[PDB]
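In case you want the letters, here they are:
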Amino acid sequence: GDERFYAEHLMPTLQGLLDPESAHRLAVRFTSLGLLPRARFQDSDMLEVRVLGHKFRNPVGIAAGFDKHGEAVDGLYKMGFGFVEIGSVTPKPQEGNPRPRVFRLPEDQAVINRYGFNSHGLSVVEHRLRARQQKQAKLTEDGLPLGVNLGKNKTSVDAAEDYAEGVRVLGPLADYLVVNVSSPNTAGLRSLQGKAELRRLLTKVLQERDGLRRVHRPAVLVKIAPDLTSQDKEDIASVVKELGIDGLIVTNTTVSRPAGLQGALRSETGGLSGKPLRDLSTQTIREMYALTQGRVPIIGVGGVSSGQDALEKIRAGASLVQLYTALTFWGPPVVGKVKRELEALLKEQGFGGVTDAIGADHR
Ligand SMILES: Cc1cc2nc3c(=O)[nH]c(=O)nc-3n(C[C@H](O)[C@H](O)[C@H](O)COP(=O)(O)O)c2cc1C
Ligand SMILES: O=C1c2ccccc2C(=O)c2c1nnn2-c1cc(F)c(-c2cccc(CO)c2)c(F)c1
Ligand SMILES: CCCCCCCCCCCC[N+](C)(C)[O-]
Ligand SMILES: O=C(O)c1cc(=O)[nH]c(=O)[nH]1
């Protein structure tokens, strides 16, 4: 009902009137103000997942980058997301790259962005989250956890200290933290995915995390690129198991440009998201699940806009999934759509619930 209206009329009209960055800002504002109908979909028990030390009422989250500064968290839960991830947040405020820096590829159901970690900074986000900290504690108890995605400043000399500062400041306010070493839009950042740098970096992050008081001690996940070599992936899996990293987010956007893209803006610099990333992401999930023997929780992300997309990532090894780009095309109704379709497919394929389907392709 609302799905068709948003998909065929409202969203195409917003896109026709507004450049993508302006449209994004409007979306965040409307969401923050709750200017959206409370999702009518009631989450069934078979969508519940217990992972990362928490209950998730459903496995569909909002990916990092939509609410970079923690301004729309409650509105995103109202939209029906089972968990919310904000960020990336950098230690100091920074403006990001010059405009234009976001591009729609409607023929490909894709987006290219080169925002460059535009961030209000840790202090501002800290105070935003503190203003609703007890509300979030209740939401988390009720199965709606909060993740905080940490980045590094453009002019930072010591990347590990940037992430450490993020752990110290926002760790106490998060159910999980994400060490984002896979943005394609910060020079040198992805090199932090290399084995030696990654081990040093994550050792420091986990030390800082372990130093927080117990009820303020988050899970720590690493978010990785879809563009890794086989060697890169082996090394990451090894470091993650060695250090006891709590999970992986798989994947960030791709700097590849798959054959067949039709969008006029396909050769813009930046990370590509949406459908052209979908199966690249799913295969990266599949590989990382195998390399970690299924013992390391994966949040699967990239090109999800249907129950089938979600279930493919879950069967490949994901315990949870996220989406972003689908929102920009389908609007808020896509969340209920994915959940309804996912429940139906689980039933069709003989799964008792999401948990039974995690990694099922490997078995
Ligand atoms: C405009 C835009 C901004 C993003 N910003 C971030 C970010 O700040 N940090 C991050 O870890 N991922 C960021 N992402 C990546 C998404 O979290 C996600 O990994 C990726 O877009 C694939 O999911 P999707 O195909 O559903 O959009 C951003 C993506 C887009 C499209
Ligand atoms: O190109 C982009 C884009 C690019 C890069 C990042 C983001 C976006 C992005 O959010 C977007 C785009 N085009 N349209 N939207 C968009 C616009 C909206 F108004 C809403 C929205 C949210 C809440 C309530 C209501 C009204 O009920 C509407 C929405 F979800 C998405
Ligand atoms: C082998 C992967 C090649 C690159 C990505 C493949 C994209 C598959 C097409 C499904 C997209 C649906 N739509 C509306 C976006 O065109
Ligand atoms: O801020 C950005 O440019 C950004 C960060 C990130 O992690 N991923 C992405 O696609 N963009």
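Cut-offs applied
Residues numbered from 1 in each chain as written, not as in the entry; some residues may be left out. Chains lettered and ligands numbered in written order. Heavy atoms only, no water. UniProt positions renumbered as here; feature names shortened; annotations may be inferred. Near = heavy atom within 4 Å. Areas by Shrake-Rupley, 256 points an atom, 1.4 Å probe, with all protein chains shown as cover. Nonpolar A, V, L, I, M, F, W, Y, C, P; charged D, E, K, R; others polar. Buried < 20%, exposed > 50% of the residue type's maximum accessible area, 1.4 Å probe, protein only. Helix = DSSP H or I, 4+ residues; strand = E, 2+ residues; numbered from the N terminus. Arc of directions from axis to C-beta. Contact = heavy atoms within 4.5 Å. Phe/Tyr/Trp six-rings, centres within 6.5 Å; stacked < 30°, edge-to-face > 60°. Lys NZ or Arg CZ within 6 Å of the ring centre and 35° of its normal. Pairing = 2+ DSSP bridges. Axes fitted to C-alpha atoms, helices over the stretch in contact; angles between N-to-C directions.

Within the PDB entry, the label attached to the protein chain reads Dihydroorotate dehydrogenase (quinone), mitochondrial, and the organism entered is Homo sapiens. As stated in UniProt under Function, the record for the protein chain gives "Catalyzes the conversion of dihydroorotate to orotate with quinone as electron acceptor. Required for UMP biosynthesis via de novo pathway." Recorded under Sequence similarities, the UniProt text for the protein chain is reproduced unchanged: "Belongs to the dihydroorotate dehydrogenase family. Type 2 subfamily."

## With respect to the site of ligand 3
All residues adjacent to ligand 3 are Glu107, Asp108, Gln109, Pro258, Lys275 and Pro276. Burial of ligand 3 by the surrounding chains reaches 46%, relative to a free accessible area of 490 Å². Considering only residue class, the shell around ligand 3 consists of two nonpolar, one polar and three charged.

## Some thoughts on helix α4 (residues 122-130)
Buried residues of α4: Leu122, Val125, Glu126 and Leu129, and no others. Along α4, the residues classed as buried sweep out an arc of 105° about the axis, all on the same side. On its buried side, α4 packs onto β4 (83-89), α5 (133-141), β7 (146-150) and α6 (159-170).

## Things to note about the UniProt feature "active site" in the protein chain
UniProt records the feature "active site" at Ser183, using the numbering of this structure. Positionally, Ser183 belongs in the loop between β8 (176-180) and α7 (195-210). Its relative accessible area of 6% is what places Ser183 among the buried residues. If near-sequence neighbours (up to four positions away) are discounted, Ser183 is found in contact with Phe117, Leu189, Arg190 and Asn252.

## A few points about the packing of aromatic side chains
Throughout the structure, instances matching the rule amount to four aromatic pairs. Seen from their ring centres, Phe5 and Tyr6 are 6.0 Å apart, and the 85° between their planes marks the pair as edge-to-face. A network of ring pairs unites the aromatic residues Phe56, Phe83 and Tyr176 as a single cluster. We note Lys337 situated over the ring of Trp330; from NZ or CZ to the ring centre the distance is 3.4 Å.

## Focus: the sheet that holds strand β9 (residues 219-224)
Ordered in space as β3-β4-β7-β8-β9-β10-β12-β13, the eight strands form a closed barrel in which the pairing is parallel. Neighbour-to-neighbour, the strand axes of this sheet turn through a mean angle of 25°, independent of strand direction. Of the strand pairs in this sheet, β4 and β7 are connected by five bridges, and their pairing is parallel. By the bridge assignment for β7, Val84 is matched with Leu146. This element, helix α9 (residues 278-291), spans β9, β10 (247-250) and β12 (298-301) of the sheet and lies at about 165° to β12.

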